[PDB]
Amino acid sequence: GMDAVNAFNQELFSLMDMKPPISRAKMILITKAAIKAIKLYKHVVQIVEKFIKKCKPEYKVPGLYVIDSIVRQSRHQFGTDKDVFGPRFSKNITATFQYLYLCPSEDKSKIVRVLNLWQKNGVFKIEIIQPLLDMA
């Protein structure tokens, strides 16, 4: 319910008081909270997109890593065909990446590395990935 959505909001926004790079352990806490709230996945996606819109530039790569971790965990746990998160994140993905590329110069390579992993592993189709690579 909305208690699980609130708990996800709390877990993700707590990053703003932590120094990047963000730990594997913290990412697991955020990802477990996302999956706990999966019956309200639309709210989870909205919260992650809000984080990426609002956060300081140092937190753009952490925000992208949250998308990566959630989408991969969901595909792993539920199957590539049944995952709700990838398709939902795909709706506003252009706007999301326009925000991510406001990161500091030394972080752009980290965004391109994730897009190349998504392409190679079929997390999204090339029709989605290529324009995001072109944006870099």
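One-based numbering along the sequence shown.
Notebook entry, point to check: Between 124 to 132 and 11 to 19, which has the higher average C-alpha B-factor in the PDB entry?
Noted result: Result of the comparison: 124 to 132.
Between 48 to 56 and 101 to 109 (mean CA B-factor, as deposited), the higher
Per the deposited B-factors, the answer is 101 to 109.
**Request:** Report the option among 96, 69, 90, 80 whose CA atom has the maximum B-factor in the deposited record.
**Result:** If I rank 96, 69, 90, 80 by C-alpha B-factor, first place goes to 80.
Report the third (lowest, middle or highest) to which the CA temperature factor of residue 32 belongs, ranking only the modelled residues of the same chain.
-> Answer is middle: the recorded C-alpha B-factor places it there.
Based on the deposited C-alpha B factors for this chain, I'd like to know if residue 42 is in the lowest, middle or highest third. Its C-alpha B-factor belongs to the lowest third of this chain's values.
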